[PDB]
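Content type compact mmCIF, C-alpha atoms and all ligand atoms, from the file data-v8.txt:
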```txt
# COMPACT_ATOMS: atom_id res chain seq x y z
CA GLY A 1 5.83 -9.18 -12.00
CA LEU A 2 3.85 -8.72 -15.28
CA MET A 3 0.51 -9.00 -13.31
CA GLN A 4 -1.30 -5.63 -13.84
CA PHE A 5 -4.63 -4.77 -12.17
CA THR A 6 -7.17 -3.66 -14.85
CA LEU A 7 -10.55 -2.03 -14.04
CA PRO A 8 -13.67 -2.04 -16.25
CA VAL A 9 -13.66 0.83 -18.82
CA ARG A 10 -15.96 3.22 -16.84
CA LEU A 11 -13.79 2.80 -13.65
CA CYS A 12 -10.47 2.90 -15.65
CA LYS A 13 -11.55 6.40 -16.93
CA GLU A 14 -13.47 7.83 -13.91
CA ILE A 15 -10.81 6.77 -11.27
CA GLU A 16 -8.54 9.51 -12.80
CA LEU A 17 -11.09 12.22 -11.80
CA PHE A 18 -11.13 13.93 -8.35
CA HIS A 19 -14.93 13.26 -7.90
CA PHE A 20 -14.68 9.43 -8.45
CA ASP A 21 -16.88 7.37 -6.05
CA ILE A 22 -15.35 3.87 -5.35
CA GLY A 23 -18.87 2.28 -5.48
CA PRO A 24 -20.79 -0.12 -3.17
CA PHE A 25 -18.89 -3.37 -4.13
CA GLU A 26 -16.50 -3.75 -1.11
CA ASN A 27 -14.62 -6.71 -2.75
CA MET A 28 -13.42 -4.33 -5.56
CA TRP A 29 -11.81 -1.74 -3.15
CA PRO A 30 -8.49 -3.63 -2.53
CA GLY A 31 -8.03 -4.02 -6.33
CA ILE A 32 -8.86 -0.29 -6.78
CA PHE A 33 -6.13 0.58 -4.18
CA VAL A 34 -3.46 -1.71 -5.79
CA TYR A 35 -4.38 -0.24 -9.25
CA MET A 36 -3.70 3.27 -7.80
CA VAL A 37 -0.34 2.18 -6.19
CA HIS A 38 0.78 0.51 -9.50
CA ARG A 39 -0.06 3.65 -11.62
CA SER A 40 1.03 6.26 -8.98
CA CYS A 41 4.27 4.55 -7.79
CA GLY A 42 5.04 1.56 -10.10
CA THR A 43 4.37 -2.24 -10.28
CA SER A 44 7.77 -2.76 -8.48
CA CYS A 45 7.59 -0.42 -5.39
CA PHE A 46 5.79 -3.14 -3.28
CA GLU A 47 5.83 -7.00 -3.39
CA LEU A 48 2.20 -7.84 -4.43
CA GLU A 49 2.01 -10.76 -1.87
CA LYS A 50 3.09 -8.39 1.01
CA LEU A 51 0.93 -5.43 -0.24
CA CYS A 52 -2.21 -7.69 -0.52
CA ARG A 53 -1.56 -9.06 3.01
CA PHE A 54 -0.98 -5.49 4.39
CA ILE A 55 -4.29 -4.24 2.73
CA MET A 56 -6.40 -7.12 4.17
CA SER A 57 -4.92 -6.62 7.71
CA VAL A 58 -5.66 -2.84 7.41
CA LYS A 59 -9.24 -3.67 6.25
CA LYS A 60 -9.71 -6.01 9.28
CA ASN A 61 -8.62 -3.19 11.71
CA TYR A 62 -11.31 -0.69 10.47
CA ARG A 63 -14.59 -1.03 12.42
CA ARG A 64 -18.26 -1.35 11.30
CA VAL A 65 -19.06 2.34 12.01
CA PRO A 66 -21.30 4.55 9.80
CA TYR A 67 -18.56 6.89 8.40
CA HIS A 68 -15.01 6.23 9.84
CA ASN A 69 -14.83 2.82 8.07
CA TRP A 70 -12.86 0.94 5.37
CA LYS A 71 -14.77 2.83 2.55
CA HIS A 72 -13.54 6.20 4.02
CA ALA A 73 -9.92 4.84 4.09
CA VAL A 74 -10.02 3.90 0.34
CA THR A 75 -11.94 7.11 -0.58
CA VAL A 76 -9.21 9.28 1.12
CA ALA A 77 -6.45 7.22 -0.64
CA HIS A 78 -8.19 7.86 -4.02
CA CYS A 79 -8.24 11.71 -3.49
CA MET A 80 -4.46 11.50 -2.69
CA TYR A 81 -4.00 9.38 -5.90
CA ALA A 82 -5.79 12.13 -7.94
CA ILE A 83 -3.55 14.90 -6.39
CA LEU A 84 -0.29 12.91 -7.00
CA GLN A 85 -1.29 12.04 -10.63
CA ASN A 86 -2.18 15.74 -11.37
CA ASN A 87 1.21 16.92 -9.85
CA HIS A 88 3.53 14.20 -11.38
CA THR A 89 6.98 15.82 -10.90
CA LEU A 90 6.47 17.67 -7.52
CA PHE A 91 6.79 14.53 -5.27
CA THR A 92 9.63 12.03 -4.61
CA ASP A 93 9.31 8.21 -5.04
CA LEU A 94 9.23 7.76 -1.20
CA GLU A 95 6.51 10.47 -0.83
CA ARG A 96 4.20 8.74 -3.39
CA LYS A 97 4.72 5.36 -1.55
CA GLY A 98 4.27 6.90 1.96
CA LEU A 99 1.19 9.10 1.29
CA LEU A 100 -1.08 6.42 -0.33
CA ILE A 101 -0.32 4.09 2.62
CA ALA A 102 -0.74 7.01 5.11
CA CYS A 103 -4.25 7.80 3.68
CA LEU A 104 -5.31 4.10 3.76
CA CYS A 105 -4.16 3.87 7.44
CA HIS A 106 -5.12 7.38 8.68
CA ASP A 107 -8.28 6.32 10.69
CA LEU A 108 -7.20 2.71 11.66
CA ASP A 109 -9.39 1.36 14.55
CA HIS A 110 -11.63 4.52 14.67
CA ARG A 111 -14.65 3.99 17.02
CA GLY A 112 -16.69 6.91 15.52
CA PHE A 113 -15.93 9.29 18.47
CA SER A 114 -13.95 12.61 18.53
CA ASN A 115 -10.80 13.34 20.61
CA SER A 116 -13.15 15.52 22.83
CA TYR A 117 -15.45 12.56 23.72
CA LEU A 118 -12.42 10.31 24.61
CA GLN A 119 -11.14 13.06 27.02
CA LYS A 120 -14.58 13.64 28.67
CA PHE A 121 -15.11 9.83 28.92
CA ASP A 122 -11.54 9.56 30.38
CA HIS A 123 -10.69 6.75 27.86
CA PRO A 124 -7.22 5.15 28.43
CA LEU A 125 -6.01 6.48 24.99
CA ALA A 126 -6.52 10.10 26.32
CA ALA A 127 -4.03 9.32 29.20
CA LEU A 128 -1.53 7.75 26.70
CA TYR A 129 -1.87 10.61 24.07
CA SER A 130 -2.78 14.05 25.54
CA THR A 131 -3.22 15.73 22.07
CA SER A 132 -4.18 14.33 18.60
CA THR A 133 -5.41 11.29 20.67
CA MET A 134 -7.00 9.11 17.89
CA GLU A 135 -4.35 10.23 15.32
CA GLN A 136 -1.45 9.00 17.57
CA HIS A 137 -3.47 5.71 17.94
CA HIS A 138 -3.95 5.47 14.10
CA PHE A 139 -0.13 5.79 13.54
CA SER A 140 0.56 3.23 16.37
CA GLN A 141 -1.87 0.78 14.63
CA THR A 142 -0.07 1.39 11.28
CA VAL A 143 3.39 0.46 12.78
CA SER A 144 1.84 -2.62 14.56
CA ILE A 145 0.48 -3.94 11.20
CA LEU A 146 3.81 -3.21 9.33
CA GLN A 147 5.52 -5.41 12.03
CA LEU A 148 3.23 -8.48 11.49
CA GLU A 149 5.26 -11.27 9.73
CA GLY A 150 5.04 -10.97 5.90
CA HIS A 151 3.42 -7.44 6.23
CA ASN A 152 6.55 -5.18 5.93
CA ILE A 153 5.84 -3.66 2.46
CA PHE A 154 8.89 -1.32 2.99
CA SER A 155 11.38 -4.22 3.76
CA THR A 156 13.34 -3.53 0.47
CA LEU A 157 13.96 0.20 1.36
CA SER A 158 17.41 1.13 2.83
CA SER A 159 17.56 1.92 6.61
CA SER A 160 17.49 5.75 5.99
CA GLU A 161 14.67 5.54 3.33
CA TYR A 162 12.67 3.35 5.81
CA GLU A 163 13.09 5.97 8.62
CA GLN A 164 12.13 8.75 6.12
CA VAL A 165 8.92 7.00 4.89
CA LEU A 166 7.72 6.18 8.48
CA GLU A 167 8.37 9.90 9.28
CA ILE A 168 6.27 10.99 6.22
CA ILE A 169 3.44 8.61 7.34
CA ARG A 170 3.56 9.81 11.00
CA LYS A 171 3.34 13.56 10.13
CA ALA A 172 0.70 12.82 7.39
CA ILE A 173 -1.58 10.95 9.89
CA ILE A 174 -1.05 13.53 12.72
CA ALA A 175 -2.00 16.32 10.21
CA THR A 176 -5.54 14.72 9.82
CA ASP A 177 -6.29 16.11 13.34
CA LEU A 178 -8.56 19.01 12.24
CA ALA A 179 -7.52 20.95 15.44
CA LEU A 180 -4.02 21.28 13.78
CA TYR A 181 -5.43 22.23 10.31
CA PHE A 182 -6.41 25.88 11.21
CA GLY A 183 -2.85 26.98 12.18
CA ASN A 184 -1.24 24.91 9.37
CA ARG A 185 -3.34 26.60 6.60
CA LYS A 186 -2.85 30.13 8.15
CA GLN A 187 0.98 29.65 8.04
CA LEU A 188 0.78 28.32 4.42
CA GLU A 189 -1.48 31.31 3.44
CA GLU A 190 1.12 33.79 4.95
CA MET A 191 4.05 31.97 3.21
CA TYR A 192 2.27 31.87 -0.23
CA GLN A 193 1.28 35.63 -0.05
CA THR A 194 4.72 36.93 1.22
CA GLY A 195 6.39 34.64 -1.42
CA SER A 196 8.55 32.78 1.21
CA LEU A 197 6.97 29.32 0.37
CA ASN A 198 9.85 26.97 -0.69
CA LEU A 199 9.10 23.28 -1.59
CA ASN A 200 12.87 22.51 -1.13
CA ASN A 201 12.46 23.57 2.58
CA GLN A 202 11.58 20.24 4.34
CA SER A 203 9.46 22.07 7.04
CA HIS A 204 7.49 23.77 4.16
CA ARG A 205 6.91 20.41 2.31
CA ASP A 206 5.67 18.94 5.65
CA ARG A 207 3.09 21.80 5.89
CA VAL A 208 2.05 21.28 2.18
CA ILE A 209 1.63 17.47 2.78
CA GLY A 210 -0.46 18.23 5.93
CA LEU A 211 -2.82 20.41 3.84
CA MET A 212 -3.00 17.63 1.15
CA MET A 213 -4.03 15.22 4.01
CA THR A 214 -6.79 17.61 5.26
CA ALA A 215 -7.98 18.00 1.59
CA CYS A 216 -8.13 14.18 0.95
CA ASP A 217 -9.70 13.57 4.42
CA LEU A 218 -12.55 16.10 3.76
CA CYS A 219 -13.01 15.00 0.07
CA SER A 220 -16.67 13.82 0.58
CA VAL A 221 -17.52 17.63 0.20
CA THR A 222 -15.84 17.53 -3.32
CA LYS A 223 -18.08 14.75 -4.80
CA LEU A 224 -21.17 15.11 -7.04
CA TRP A 225 -24.10 16.41 -4.90
CA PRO A 226 -25.91 13.02 -4.48
CA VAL A 227 -22.69 11.40 -3.04
CA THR A 228 -21.98 14.46 -0.77
CA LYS A 229 -25.63 14.53 0.44
CA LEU A 230 -25.71 10.74 1.22
CA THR A 231 -22.22 10.77 2.89
CA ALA A 232 -23.49 13.65 5.18
CA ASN A 233 -26.12 11.14 6.60
CA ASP A 234 -23.26 8.76 7.64
CA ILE A 235 -21.15 11.66 9.10
CA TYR A 236 -24.16 12.93 11.18
CA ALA A 237 -25.12 9.34 12.25
CA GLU A 238 -21.76 9.26 14.16
CA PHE A 239 -22.11 12.89 15.47
CA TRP A 240 -25.59 12.07 16.90
CA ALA A 241 -24.36 8.77 18.49
CA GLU A 242 -21.52 10.82 20.14
CA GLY A 243 -24.16 13.39 21.24
CA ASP A 244 -26.16 10.53 22.86
CA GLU A 245 -22.97 9.34 24.69
CA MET A 246 -22.30 12.96 25.90
CA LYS A 247 -25.90 13.11 27.36
CA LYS A 248 -25.13 9.78 29.18
CA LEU A 249 -22.05 11.50 30.80
CA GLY A 250 -24.49 14.30 31.90
CA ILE A 251 -23.12 16.82 29.30
CA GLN A 252 -25.36 18.69 26.78
CA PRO A 253 -23.61 18.10 23.42
CA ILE A 254 -22.94 20.99 20.96
CA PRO A 255 -25.85 21.35 18.42
CA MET A 256 -23.68 19.62 15.69
CA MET A 257 -24.03 16.34 17.74
CA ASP A 258 -27.63 16.75 19.13
CA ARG A 259 -30.15 14.60 17.15
CA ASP A 260 -32.95 16.86 18.61
CA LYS A 261 -31.42 19.81 16.59
CA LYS A 262 -31.54 17.95 13.19
CA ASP A 263 -33.21 21.14 11.73
CA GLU A 264 -29.84 23.06 12.17
CA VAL A 265 -27.73 20.66 9.94
CA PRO A 266 -28.06 22.77 6.73
CA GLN A 267 -26.69 25.96 8.48
CA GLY A 268 -24.07 23.71 10.23
CA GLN A 269 -22.90 22.58 6.72
CA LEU A 270 -22.65 26.26 5.53
CA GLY A 271 -20.32 27.07 8.51
CA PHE A 272 -18.11 24.00 7.82
CA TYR A 273 -17.78 24.84 4.08
CA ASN A 274 -17.00 28.55 4.86
CA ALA A 275 -14.73 27.97 7.98
CA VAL A 276 -12.92 24.72 6.91
CA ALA A 277 -13.55 23.20 3.44
CA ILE A 278 -13.47 26.26 1.06
CA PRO A 279 -10.36 27.80 2.76
CA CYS A 280 -8.59 24.34 2.67
CA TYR A 281 -9.14 23.80 -1.11
CA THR A 282 -8.45 27.55 -1.91
CA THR A 283 -4.96 27.45 -0.26
CA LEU A 284 -4.34 23.99 -1.84
CA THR A 285 -5.25 25.41 -5.33
CA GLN A 286 -2.81 28.38 -4.80
CA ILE A 287 0.10 25.98 -3.93
CA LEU A 288 -0.96 23.18 -6.39
CA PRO A 289 -2.92 24.70 -9.31
CA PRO A 290 -3.98 21.33 -10.87
CA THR A 291 -6.12 20.55 -7.69
CA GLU A 292 -8.54 23.37 -8.74
CA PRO A 293 -11.36 20.83 -9.55
CA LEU A 294 -11.59 20.02 -5.77
CA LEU A 295 -12.27 23.77 -5.03
CA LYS A 296 -14.83 24.01 -7.91
CA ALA A 297 -16.68 20.83 -6.72
CA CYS A 298 -16.62 22.17 -3.11
CA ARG A 299 -18.13 25.54 -4.27
CA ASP A 300 -20.89 23.64 -6.22
CA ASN A 301 -21.79 21.69 -3.00
CA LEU A 302 -21.87 24.93 -0.89
CA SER A 303 -24.42 26.30 -3.45
CA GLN A 304 -26.48 23.04 -3.11
CA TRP A 305 -26.61 23.45 0.75
CA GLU A 306 -27.66 27.13 0.26
CA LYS A 307 -30.52 25.82 -2.01
CA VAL A 308 -31.52 23.33 0.80
CA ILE A 309 -31.93 26.25 3.35
CA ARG A 310 -33.92 28.36 0.77
CA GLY A 311 -36.38 25.36 0.74
CA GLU A 312 -35.65 24.70 -3.02
CA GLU A 313 -34.66 21.14 -1.81
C1 LIG B 401 -19.43 19.87 11.49
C2 LIG B 401 -18.78 19.04 10.38
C3 LIG B 401 -19.52 18.80 9.27
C4 LIG B 401 -18.95 18.02 8.23
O1 LIG B 401 -19.54 17.79 7.20
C5 LIG B 401 -17.58 17.52 8.44
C6 LIG B 401 -16.87 16.70 7.45
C7 LIG B 401 -16.99 16.78 6.08
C8 LIG B 401 -16.11 15.85 5.54
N1 LIG B 401 -15.51 15.19 6.53
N2 LIG B 401 -15.96 15.71 7.75
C9 LIG B 401 -15.54 15.23 9.01
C10 LIG B 401 -14.28 15.52 9.53
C11 LIG B 401 -13.89 15.00 10.76
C12 LIG B 401 -14.74 14.18 11.50
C13 LIG B 401 -16.00 13.88 10.96
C14 LIG B 401 -16.40 14.39 9.73
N3 LIG B 401 -16.97 17.82 9.55
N4 LIG B 401 -17.51 18.52 10.50
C15 LIG B 401 -16.65 18.70 11.62
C16 LIG B 401 -15.94 17.61 12.10
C17 LIG B 401 -15.06 17.75 13.17
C18 LIG B 401 -14.86 18.99 13.75
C19 LIG B 401 -15.54 20.11 13.26
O2 LIG B 401 -15.35 21.34 13.83
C20 LIG B 401 -14.21 22.15 13.45
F1 LIG B 401 -13.54 21.65 12.34
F2 LIG B 401 -14.66 23.43 13.11
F3 LIG B 401 -13.28 22.23 14.49
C21 LIG B 401 -16.43 19.96 12.19
MG MG B 402 -9.25 10.90 11.65
ZN ZN B 403 -10.53 10.46 8.06
```
Rewrite the structure of this file - the entire thing - as structure tokens.
Amino acid sequence: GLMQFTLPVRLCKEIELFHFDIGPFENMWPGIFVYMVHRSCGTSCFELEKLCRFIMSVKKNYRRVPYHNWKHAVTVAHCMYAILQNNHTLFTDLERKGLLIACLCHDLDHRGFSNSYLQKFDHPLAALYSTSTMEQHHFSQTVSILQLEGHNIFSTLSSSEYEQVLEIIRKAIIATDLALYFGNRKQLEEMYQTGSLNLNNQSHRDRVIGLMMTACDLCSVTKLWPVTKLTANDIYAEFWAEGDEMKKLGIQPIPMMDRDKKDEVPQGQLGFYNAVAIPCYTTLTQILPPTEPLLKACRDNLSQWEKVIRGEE
């Protein structure tokens, strides 16, 4: 009850900032997550015994892949923590509960391969889930873990609040399918500009939470340059492995995934920043002004990639 998580001074201060890196000490990440739940939601919203057991089962169901791993899960949860803490009064109690858990669970049992590779491989999951293949699997894995004995962290919610929070988590995890991001942001851009955007309109909130999920999911591009640059290695380690597996199916992979075309990564990063990341954080800053530091950090990293091409690094 009166058992608070407390971080060392540097972490206590820096965890509040959007560009916080959770560090290389894996055994501190569960504590970092509980700390964020306690401060973002309250010391009462989850039973610590059940939360701790849920966290360790979620950890166990992330794989030993270069990028789509347990560290990514906690990193994405921290970006969501930073957004919720900088927008105190905009979100309900259930939303704050749902979204931290959604971010922690959003890539459960990821194998480091895209929806495209599963379909071309003809993986069983592609027959079970025709669109947002891995994202439907991630939500399925979340419900499975919630249903383990002693793992239902929502047990003390009413029946309607329980159905609401599982609905929040489902939409939040589906929204991390980047194929859905393009149309979601376009609609939000139209609604903001025409002035029709209404946060009391449930379908509008859903769209805003989807954009928050894209923003947290892509947040490696909002870190200090050395973190962004070193995370890019892990991201491209998976892309190149997938490229290898495409060549084994007798398919030339797109340049993004071809380890022979390593030279084209810097220009590939420019396209991603300009087509995905900058537009994402721009629209997010328009709807939620206090998230502006994510856009500023993203712009700084675009400028660093431009310097890489110009041979200045
Ligand atoms: C090429 C590229 C470079 C990157 O740096 C990143 C990236 C930065 C942060 N996260 N993240 C990321 C996100 C999903 C999976 C793996 C990594 N993403 N892409 C990327 C990924 C999927 C589709 C895609 O084409 C699209 F979006 F245009 F359809 C582009
Ligand atoms: Mg994902
Ligand atoms: Zn992710």
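Of the listed residues A:50, A:106, A:207, A:296, the one whose atoms come nearest to ligand MG 402 (chain B) is A:106, with distances taken using all atoms listed in the file.
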**7 Å shell around ligand LIG 401 (chain B) using all atoms listed in the file, listed as a PyMOL selection string** = chain A and resi 178-179+217-221+232+235+256+268-269+272+275-276
Dump C-alpha atoms for the selected residues as a PDB file, keeping the file's coordinate frame?
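Once everything was written out, this is selection-v3.pdb:
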```pdb
ATOM      1  CA  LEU A 178      -8.560  19.010  12.240  1.00  0.00           C
ATOM      2  CA  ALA A 179      -7.520  20.950  15.440  1.00  0.00           C
ATOM      3  CA  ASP A 217      -9.700  13.570   4.420  1.00  0.00           C
ATOM      4  CA  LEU A 218     -12.550  16.100   3.760  1.00  0.00           C
ATOM      5  CA  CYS A 219     -13.010  15.000   0.070  1.00  0.00           C
ATOM      6  CA  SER A 220     -16.670  13.820   0.580  1.00  0.00           C
ATOM      7  CA  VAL A 221     -17.520  17.630   0.200  1.00  0.00           C
ATOM      8  CA  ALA A 232     -23.490  13.650   5.180  1.00  0.00           C
ATOM      9  CA  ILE A 235     -21.150  11.660   9.100  1.00  0.00           C
ATOM     10  CA  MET A 256     -23.680  19.620  15.690  1.00  0.00           C
ATOM     11  CA  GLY A 268     -24.070  23.710  10.230  1.00  0.00           C
ATOM     12  CA  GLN A 269     -22.900  22.580   6.720  1.00  0.00           C
ATOM     13  CA  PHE A 272     -18.110  24.000   7.820  1.00  0.00           C
ATOM     14  CA  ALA A 275     -14.730  27.970   7.980  1.00  0.00           C
ATOM     15  CA  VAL A 276     -12.920  24.720   6.910  1.00  0.00           C
TER      16      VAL A 276
END
```
**Request:** Return as a ChimeraX atom specification the residues of protein, DNA or RNA that approach ligand MG 402 (chain B) to within 12 Å, with only C-alpha atoms and all ligand atoms taken into account.
**Result:** /A:62,67-69,72-73,76,102-115,132-139,172-180,213-214,216-218
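If you look at atom CA of residue A:143 and atom CA of residue A:90, they are 26.8 Å away from each other.
The gap separating atom CA of residue A:171 from atom CA of residue A:196 is 21.8 Å, in Å to one decimal.
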Excluding same-chain residues fewer than 2 positions from residue A:286, what lies within 12 Å of it counting all atoms listed in the file, as a PDB file with C-alpha atoms, in the coordinates of the input?
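Listed below is the output, selection-v3.pdb:
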```pdb
ATOM      1  CA  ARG A 185      -3.340  26.600   6.600  1.00  0.00           C
ATOM      2  CA  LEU A 188       0.780  28.320   4.420  1.00  0.00           C
ATOM      3  CA  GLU A 189      -1.480  31.310   3.440  1.00  0.00           C
ATOM      4  CA  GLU A 190       1.120  33.790   4.950  1.00  0.00           C
ATOM      5  CA  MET A 191       4.050  31.970   3.210  1.00  0.00           C
ATOM      6  CA  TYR A 192       2.270  31.870  -0.230  1.00  0.00           C
ATOM      7  CA  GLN A 193       1.280  35.630  -0.050  1.00  0.00           C
ATOM      8  CA  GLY A 195       6.390  34.640  -1.420  1.00  0.00           C
ATOM      9  CA  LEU A 197       6.970  29.320   0.370  1.00  0.00           C
ATOM     10  CA  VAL A 208       2.050  21.280   2.180  1.00  0.00           C
ATOM     11  CA  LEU A 211      -2.820  20.410   3.840  1.00  0.00           C
ATOM     12  CA  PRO A 279     -10.360  27.800   2.760  1.00  0.00           C
ATOM     13  CA  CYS A 280      -8.590  24.340   2.670  1.00  0.00           C
ATOM     14  CA  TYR A 281      -9.140  23.800  -1.110  1.00  0.00           C
ATOM     15  CA  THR A 282      -8.450  27.550  -1.910  1.00  0.00           C
ATOM     16  CA  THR A 283      -4.960  27.450  -0.260  1.00  0.00           C
ATOM     17  CA  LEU A 284      -4.340  23.990  -1.840  1.00  0.00           C
ATOM     18  CA  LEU A 288      -0.960  23.180  -6.390  1.00  0.00           C
ATOM     19  CA  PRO A 289      -2.920  24.700  -9.310  1.00  0.00           C
ATOM     20  CA  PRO A 290      -3.980  21.330 -10.870  1.00  0.00           C
ATOM     21  CA  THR A 291      -6.120  20.550  -7.690  1.00  0.00           C
ATOM     22  CA  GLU A 292      -8.540  23.370  -8.740  1.00  0.00           C
ATOM     23  CA  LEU A 295     -12.270  23.770  -5.030  1.00  0.00           C
TER      24      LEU A 295
END
```
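Nearest-residue note for residue A:249: choosing from A:14, A:122, A:306, A:93, the minimum distance belongs to A:122, counting all atoms listed in the file.
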